[PDB]
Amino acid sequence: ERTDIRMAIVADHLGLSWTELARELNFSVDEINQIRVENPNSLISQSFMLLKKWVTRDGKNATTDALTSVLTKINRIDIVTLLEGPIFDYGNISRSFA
């Protein structure tokens, strides 16, 4: 539940960026379309389910560090500082979101 709360926070900040995060995470346009179809009225819902699929997919490799690398690439540094800051125990959700 704690880990879910943290993903929700990320998802809230993501907004429209989630599709760019997904792309950088090497998700396909089909996978992105599907997330949007399954979560039609909420960018936050969409971003949250992207984060969930990422964790299901990459498991132990779904790390705070993997995330900040991509978020840096797509110019969402505001989320990087969040992930590196005290609210995220300085990168320790418990380092992986799994």
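When you see a residue number, it is the position in the sequence shown, counting from 1.
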In the entry, residues of the deposited sequence missing between residue 3 and residue 4 amount to none
Going by the entry, of stretches 54 to 62 and 69 to 77 the one with greater average Cα B-factor is 54 to 62
Assert higher mean C-alpha B factor (84 to 92 or 5 to 13, deposited values) equals 84 to 92
Tertile call for residue 28 (CA temperature factor, within chain, third-based) is the middle
